[PDB]
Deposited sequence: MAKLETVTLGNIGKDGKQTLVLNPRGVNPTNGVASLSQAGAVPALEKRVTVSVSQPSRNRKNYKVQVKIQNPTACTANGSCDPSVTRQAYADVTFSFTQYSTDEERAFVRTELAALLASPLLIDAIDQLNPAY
């Protein structure tokens, strides 16, 4: 899976926005591939990191990090006020066929669009 530009569509609350994000190499220290949006400022861009490990089981980790900028008085370069995170960690075992892993990935993907999660995440109301 060679790194390449990823254009995510239908993103947003209204399902109208879309974002293009391009790779920025792999860290040799721990093999964590990184991708980010060309936001003209390195400190105020949305970034994604993906890394699959090696065994006694495999572990896939995906992190999403996007900051929110603000122009505070007394300075010219905008700083970072608040920062939104997201973490995902699959923990498949050695003897797991690809069908089971695909099932896990698909149910996780479709569970983030069901009426339960799109409500428990947007308004932070606990499920009862």
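No C-alpha positions are given for the deposited-sequence stretches 1, 57-60.
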